[PDB]
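Structure at a glance
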Amino acid sequence: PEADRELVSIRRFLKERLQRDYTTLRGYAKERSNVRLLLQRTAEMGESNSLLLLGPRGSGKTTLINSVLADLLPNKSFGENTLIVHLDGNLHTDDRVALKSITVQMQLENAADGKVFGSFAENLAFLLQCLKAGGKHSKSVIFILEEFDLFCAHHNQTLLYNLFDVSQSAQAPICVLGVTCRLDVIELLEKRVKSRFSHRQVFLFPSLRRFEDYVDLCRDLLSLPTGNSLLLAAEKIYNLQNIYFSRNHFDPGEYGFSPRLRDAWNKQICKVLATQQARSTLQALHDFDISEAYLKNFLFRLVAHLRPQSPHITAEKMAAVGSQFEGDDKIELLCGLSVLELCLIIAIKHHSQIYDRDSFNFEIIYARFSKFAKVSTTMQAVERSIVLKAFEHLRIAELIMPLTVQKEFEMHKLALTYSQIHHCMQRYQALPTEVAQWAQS
Amino acid sequence: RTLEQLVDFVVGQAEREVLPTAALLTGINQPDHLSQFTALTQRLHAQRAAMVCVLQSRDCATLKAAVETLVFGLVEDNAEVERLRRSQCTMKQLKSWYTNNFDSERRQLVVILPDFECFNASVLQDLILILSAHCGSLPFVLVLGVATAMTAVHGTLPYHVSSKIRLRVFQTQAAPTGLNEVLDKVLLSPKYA
Amino acid sequence: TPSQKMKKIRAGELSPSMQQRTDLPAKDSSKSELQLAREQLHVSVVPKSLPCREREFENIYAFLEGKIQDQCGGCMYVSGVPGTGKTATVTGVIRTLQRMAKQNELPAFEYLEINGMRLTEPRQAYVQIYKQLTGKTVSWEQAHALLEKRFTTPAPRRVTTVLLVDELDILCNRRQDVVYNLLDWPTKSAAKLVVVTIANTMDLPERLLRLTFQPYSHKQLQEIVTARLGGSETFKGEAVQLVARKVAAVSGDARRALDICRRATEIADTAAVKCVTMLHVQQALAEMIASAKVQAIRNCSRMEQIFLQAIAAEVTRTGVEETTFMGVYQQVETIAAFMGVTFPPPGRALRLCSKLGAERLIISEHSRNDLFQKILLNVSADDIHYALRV
Amino acid sequence: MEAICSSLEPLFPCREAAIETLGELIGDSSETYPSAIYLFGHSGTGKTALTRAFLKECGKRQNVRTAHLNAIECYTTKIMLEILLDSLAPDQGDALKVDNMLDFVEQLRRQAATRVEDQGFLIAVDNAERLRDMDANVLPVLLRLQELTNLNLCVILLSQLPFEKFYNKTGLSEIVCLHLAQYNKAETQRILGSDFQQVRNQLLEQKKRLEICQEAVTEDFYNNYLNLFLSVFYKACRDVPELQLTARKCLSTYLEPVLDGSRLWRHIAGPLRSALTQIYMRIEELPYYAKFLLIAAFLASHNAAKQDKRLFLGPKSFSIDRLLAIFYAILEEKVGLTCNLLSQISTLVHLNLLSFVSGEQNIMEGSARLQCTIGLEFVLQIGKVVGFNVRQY
DNA sequence: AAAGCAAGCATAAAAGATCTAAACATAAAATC
DNA sequence: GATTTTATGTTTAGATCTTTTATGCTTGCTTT
Ligand SMILES: Nc1ncnc2c1ncn2[C@@H]1O[C@H](COP(=O)(O)OP(=O)(O)OP(=O)(O)O)[C@@H](O)[C@H]1O
Ligand SMILES: Nc1ncnc2c1ncn2[C@@H]1O[C@H](COP(=O)(O)OP(=O)(O)OP(=O)(O)O)[C@@H](O)[C@H]1O
Ligand SMILES: Nc1ncnc2c1ncn2[C@@H]1O[C@H](COP(=O)(O)OP(=O)(O)OP(=O)(O)O)[C@@H](O)[C@H]1O
Ligand SMILES: [Mg+2]
Ligand SMILES: [Mg+2]
Ligand SMILES: [Mg+2]
């Protein structure tokens, strides 16, 4: 069954492209060339520079840095003058961990085989004494600070105050390149650090605000490329791995496809994207969030369904994953609740509807429930205890929140809009009719 | 009768994931029961099938303090039957130490809680949830000294903590009954002058 | 071995060093006149004679000379808005005094310096002063005792030593002990100390315990760049005036005028013209002095645009700026009813609120308390309609 | 992807769809994994057993290194990193030493190997609803650990909350949401009826009674018993472990009049409505003046601040001098104020018969606010065992 | 005349935010 | 080379400063 092996090859290739492939960048011809010419200027001429990429989360910030470094590193003039210092704000929490990763990753003489000796104050004074020794004859340091705002959350912003002060003195030819999401992170810096900063910023707001190039990108990600592009990308990935992300990557050279199979697959994808149903589902997702990470997640959960028994992509699969996205889950949680919790919920609905969203309690809802319990002739058998367990179970699924004493006497607030409760009465299966007559009252 | 029933419950759980536990409805006063609990520990060091650390509520201001006093009390009870760092005594070290020692024989891991009422509810629910997470790999039993009545156990434990527990009640005699027995049998016994 | 090298660092006999470039540095002759104009326009290259600062230079020079010849010592407090060139001036006058001492017109002296933000704890400064004294390194309490022993004891010959202090305000503690000792040390007449502290706020000793570098006007900020450029005519004569007008009002940083001119020189390199035009400076000021909050609101997806209209409608309707999420969702359902496009169910709206909160268009709480999380508006309300229609 | 779902369907009936989804996302290990998979459902949906069976099945069958975890154990993040690296990097010994997220990321980065052995990793964090309560850099790192360590992992999370509770002020990356619906009544009947062979082989263990057990504990009889049980308890709970735990005991009390001689719904519908009263609970005196003090505490915490001049929103907090005044008024004997009586006050505090809200630092000043915590029924039992009615006040 | 609601008020306690004193584990060197 | 000791850098828990809110209490007006 070699054709089924061909489909397994297409599915593995597609999941590798949607998930991996950290280098390739689509669009952004201006900003990528700007960052690249800045990095060549700080690598060759010995200038010090500062830069601050900003954009919404899911815009290609890190992918731009990988494309720029993947272009520049195998030049072997950039590869001999530059020592690159990656840094992050999630991992390097307090500044001393960032400074240990700097001293390790610069291969400073104080460090040894991934471990550094001595006090942190000694490591700081030693790092400034090393950067002090540089003229233009020193190797160029390229700091890359991802999540700049958490570095602003450090004490005194103290590491940042040094990292820009080296840029404004003729010491080591560094290059600070912060990358962060907040669009007014420059306000967070203290006025000294704001003064030392070069104020240049580069914005990467995504270019696919219009619907048509969004459908073009969706047609792009599902297609199998022509084979000479696979050879060229294999040459590029091979040349970068000969000299960090490089140890695992897309690697097109493990995959090879017959051109007729590429033509049949891309004919299937352009025909599927021609239909009104798939365009409607992608229209819904494009109205939700333009960011390409969302579309790549939707594409991954579409591509994963390509079982051998049903080889081809179809528009009904687009509609199914779109129905999984657009539906709510609190309405899908309330249908899991048993009838006693649902009656406590509908009692909270009647209480906060009659008294207009006032806070409630177990005893007031116990009175409003026992007004129904004594006339129900199906809920007569329950006691205080089962209703109290149902109340605590409503508390621990966070359908009720405390206003922040006895377990039976906390103040509380409902967490739902009434349309969710009015919908969960409809979508519930086999609700007893007496609770429905209470729902209409 | 209650002490032999407790030792038989511990040995019958050694004969055996929802943890077994045996509440003992102690009277409202404390110090009379204390020596009783110590005798229970001696019985589990008589038959040598269980080691036991008391987990008084003074040691449980937070979940971290509860876990460290639990592990430190188990390892120091075992050393007393026959000095690792306070910052290092995690549950994982307890699992590695239990499989480091007790596997070719299965000694039970007892944690007396003499003052069930005095505990803060959140640290107690988190502790019973952690011990429920580790039962099966570590043979645990839990004994609750509830100074009042069963409604306190059913009320203080939340929906889910009660869902993951297997409690059985034993009763020591009531205090007026104890004064009646002490007065009929000793202070009114003829043989003292 | 690691032990010998860490002992070499702790006694300081091992010189710190970076790896040298394997390729040689690029030759000066190949540089373009625009490229040389950029290289002279870097902020690092401080001139030996600073333009338009001669009054403060002669003031600090006459002061430190009259305090360093007469062997008395004291304290001096220079202060001003950042970008005014304080540290460059005091380092320049100390450089002129040491060049004078090499010609022996002045008594010899050791120039110490610290920097408050290059420290960790403030008490670590006691190690650093002594680190530039004998060069020995020691714990801060023994450093405190040895700084006392060099200061408390009248033991001639006691050479005067200046103590430049970058960023005194970062040395504050709950006790304020280190800055208090650094101020009390000149008061000992026997140890002839003089300290020159450098600060931003003009009234710090009153605030939690002179000279003031006023910010540059339009003509001084013209003078600085037009002396920095040299004799090349790569800048037209009005572009420096345009920079001085758009920087002298906002903040007065010397660094801002310099890197604005440098980034404009880079844009002129992108245009492949050997001389700048004034529109290049307009483009550089439009890029480096900007917010993209208009472009961000223009480039959000349509549901976040509906959400952004609804928060503004809620601030209009209720009349308060901070809103509970439920009233915003009711206004959301009104606007989505009017536009004819359906709105996502409220969990996805919570996701949209968290995503716009990450981008600081709005200030939103953690989503554990949904439908009760507070929402401020961070972008001004007029910018929403200005980005959405125009 | 076929063998894993095919080996977990017989153990887990009525769950073929969610197993099909997880076995397509993280089934085959030659394929890459999505960066995070957040599956969620109600209590007792069957997800801890599902992910634990999935991790042990994949880590026994294929090349993956698996790690399970429970987030309540991780009261500080370094314990979480220790358990994760201790399972993901086997036989490290006591050379393991992780201090923060950076060291864990580097020591997981060194574990990367060649693609030709096609290794993968998996991580499951049970009770992930606690993860937002802790250090609050652990969730953003845990979602994008695949991008960060440049490995081939997939950090599963598990909770009952929907994912929308989890967001923070910095935002999180992409995640694969996955819902597990709780069973409708026919599927709960199918689950409880799957164990019919085990419960028959248990009933054979404990000879006329065994002679009628082997002839009349058949499949349709157990299906009729399951319909007769889910006619009663299904409205009170759908939590499948509790229905198993009660269904076996009620089968044990149900079987007596077919051990002797419908014709049974009355005999068991008696005890079943007592069995409903003991759902979730899992079972298998006071001094005289303390009685009067608990009575006066209920009077001080229910009969308001201004009704008490003429007798003499929830419960109201009260200072203890109000308690001693109501105790004097209700005592009708006027005891001297011995040390034992104020000790009785402090013992009602320690036994959770009273509670504190404020004034703990100056209890002897009398400014402390106390709060009686008892319902009407037991204080009526106290007034019965004294014989002194409390409804008059 | 007193009883009850109200403007406010004045300290109190409850996070909470941030810093400092005590503890404590580790590095490193003195010595046997 | 191994142990011990102790000097120190790191951690952690308490101390303290905001400020919120807030609620019991003051007392004062108002009302039946
Ligand atoms: N402009 C783009 N070109 C190509 N791929 C993109 C682009 N933007 C996003 N992606 C895809 O989105 C996923 C994550 O993108 P990316 O890493 O750039 O976000 P990010 O930089 O991590 O954002 P943040 O740093 O704010 O979390 C990647 O799989 C990548 O393929
Ligand atoms: N008169 C001048 N001529 C040319 N350049 C100047 C002049 N004054 C200041 N500068 C520029 O400004 C910078 C001065 O740096 P300096 O450290 O003195 O600033 P500062 O006022 O001390 O800032 P802060 O007080 O925030 O440290 C130098 O890089 C220099 O290029
Ligand atoms: N389809 C099924 N077939 C057989 N048994 C099932 C099935 N679904 C659930 N179970 C039973 O459910 C139990 C596991 O439920 P689980 O403990 O995963 O719920 P949970 O979500 O972890 O609850 P909590 O989070 O409150 O602990 C197992 O005993 C298992 O036998
Ligand atoms: Mg990124
Ligand atoms: Mg300065
Ligand atoms: Mg579970």
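Residues numbered from 1 in each chain as written, not as in the entry; some residues may be left out. Chains lettered and ligands numbered in written order. Part of a larger assembly, values for the part shown. Heavy atoms only, no water.

For this entry, the PDB record names cryo-EM as the structure determination method and reports a resolution of 3.9 Å.

Named according to the PDB entry, chain C is Origin recognition complex subunit 1 originating from Drosophila melanogaster. For this entry, the PDB title field holds "Structure of Drosophila ORC bound to DNA".

Per the PDB entry, the recorded name for chain A is Origin recognition complex subunit 4, and the organism is Drosophila melanogaster. Per UniProt, chain A carries the Subunit (unreviewed entry) text "Component of ORC, a complex composed of at least 6 subunits: ORC1, ORC2, ORC3, ORC4, ORC5 and ORC6. ORC is regulated in a cell-cycle dependent manner. It is sequentially assembled at the exit from anaphase of mitosis and disassembled as cells enter S phase. Interacts with DBF4. Interacts with POLQ." Of chain A, the UniProt comment under Sequence similarities (unreviewed entry) reads exactly: "Belongs to the ORC4 family." (UniProt positions renumbered as here; feature names shortened; annotations may be inferred.)

**A closer look at the site of ligand 2**
Close to ligand 2 lie 21 residues, the nearest being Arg196(A), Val43(C), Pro51(C), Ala88(C) and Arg255(C). More than one chain reaches ligand 2: its neighbouring residues belong to chains A and C. Taking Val43(C), its main chain carries an N or O atom lying 2.6 Å from an oxygen atom of ligand 2. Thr87(C) places a side-chain nitrogen or oxygen 2.9 Å from an oxygen atom of ligand 2. If ligand 2 stood free it would expose 630 Å²; the protein chains cover 95% of that surface. Considering only residue class, the shell around ligand 2 consists of 10 nonpolar, 5 polar and 6 charged. (Near = heavy atom within 4 Å. Polar contact = N/O pair within 3.5 Å; in protein donor to acceptor, adjacent residues only side chain to side chain. Areas by Shrake-Rupley, 256 points an atom, 1.4 Å probe, with all protein chains shown as cover. Nonpolar A, V, L, I, M, F, W, Y, C, P; charged D, E, K, R; others polar.)

**Brief notes about the sheet that holds strand β4 (residues 155-159) of chain D**
Residue and element names in this part refer to chain D. If you trace the 5 strands from one edge of the open sheet to the other, you get β2-β3-β4-β1-β5, paired in parallel fashion. Either end of the sheet is taken by a strand with one partner, and the two such strands are β2 (68-70) and β5 (176-180). Geometrically, the sheet is characterised by an average inter-axis angle of 20 degrees between neighbouring strands, direction not taken into account. (Pairing = 2+ DSSP bridges. Helix = DSSP H or I, 4+ residues; strand = E, 2+ residues; numbered from the N terminus. Axes fitted to C-alpha atoms, helices over the stretch in contact; angles between N-to-C directions.)

**Considerations on the packing of helix α5 (residues 95-105) of chain A against helix α6 (residues 120-133) of chain A**
Residue and element names in this part refer to chain A. Orientation of α5 relative to α6, taken along the N-to-C sense of each, is 50 degrees, at an axis distance of 10 Å. With respect to α6, the axis of α5 lies oblique. The hand of the α5/α6 crossing is left-handed. The segment α5 lies against α6, with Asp95, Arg96, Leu99, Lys100, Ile102 and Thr103 engaging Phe120, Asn123, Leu124 and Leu127. The class makeup of the residues in the contact of α5 with α6 is 5 nonpolar, 2 polar and 3 charged. (Parallel < 35°, antiparallel > 145°, perpendicular 65-115°, else oblique. Left-handed = near helix turned anticlockwise from the far one by under 90°. Contact = heavy atoms within 4.5 Å.)

**Let's talk about the state of the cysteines**
Under the definition given, this model contains 0 disulfides over all chains. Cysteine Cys275(C) shares no disulfide, and the gap to the nearest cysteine sulfur, in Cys261(C), comes to 15 Å. Since its relative accessible area comes to 38%, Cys275(C) is described here as partly exposed. Free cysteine: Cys250(D), not disulfide-bonded; nearest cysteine sulfur from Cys237(D) at 13 Å. (Disulfide = S-S within 2.5 Å. Buried < 20%, exposed > 50% of the residue type's maximum accessible area, 1.4 Å probe, protein only.)

**With respect to the UniProt feature "binding site: Mg(2+) 2" (unreviewed entry) in chain A**
According to UniProt, the feature "binding site: Mg(2+) 2" (unreviewed entry) maps to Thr62(A) and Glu146(A) in the numbering used here. Taken together, the annotated residues stretch across 85 residues yet fold into one region, lying no more than 8.4 Å apart by C-alpha. By secondary structure assignment, the location of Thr62(A) is in helix α3 (residues 61-72). Residue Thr62(A) is classed as partly exposed on the basis of its relative accessible area, which comes to 27%. Looking at where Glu146(A) falls in the secondary structure, it is placed in strand β5 (residues 140-146). Not counting residues within four places of it along the chain, the set of residues in contact with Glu146(A) comprises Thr62(A), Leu87(A), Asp88(A), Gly89(A), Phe151(A), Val179(A) and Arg144(D).

**Some words on the arrangement of the chains**
Ranked by contact count, the leading pair among the 5 pairs of chains in contact consists of chains A and C. A gap remains between chain B and chain C, with no contact made and the closest C-alpha atoms lying 19 Å from each other.

**Side note on unusual backbone geometry**
Cis geometry marks the peptide bond from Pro156(C) to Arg157(C); its omega dihedral reads 5 degrees. Secondary-structure assignment places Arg157(C) in the loop between α6 (140-151) and β3 (161-166). Of note in this structure, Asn156(A) is not a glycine but carries a positive phi near 55 degrees. One non-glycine residue with positive phi stands out, namely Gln176(C), at about 55 degrees. As for its position among the elements, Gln176(C) is in the loop between β3 and α7 (177-184).

**Regarding the protein's contact with DNA strand F**
Around DNA strand F sit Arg96(A), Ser119(A), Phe120(A), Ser139(C), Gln142(C), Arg174(C) and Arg369(D), and that is every residue in its neighbourhood. Considering DNA strand F, the proportion of its atoms within 4 Å of the protein that are sugar or phosphate atoms stands at 100%. Between DNA strand F and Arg96(A) there is a distance of 3.4 Å, counted from a phosphate oxygen to a side-chain nitrogen or oxygen. When its residues are assigned to classes, the surface near DNA strand F shows 1 nonpolar, 3 polar and 3 charged.

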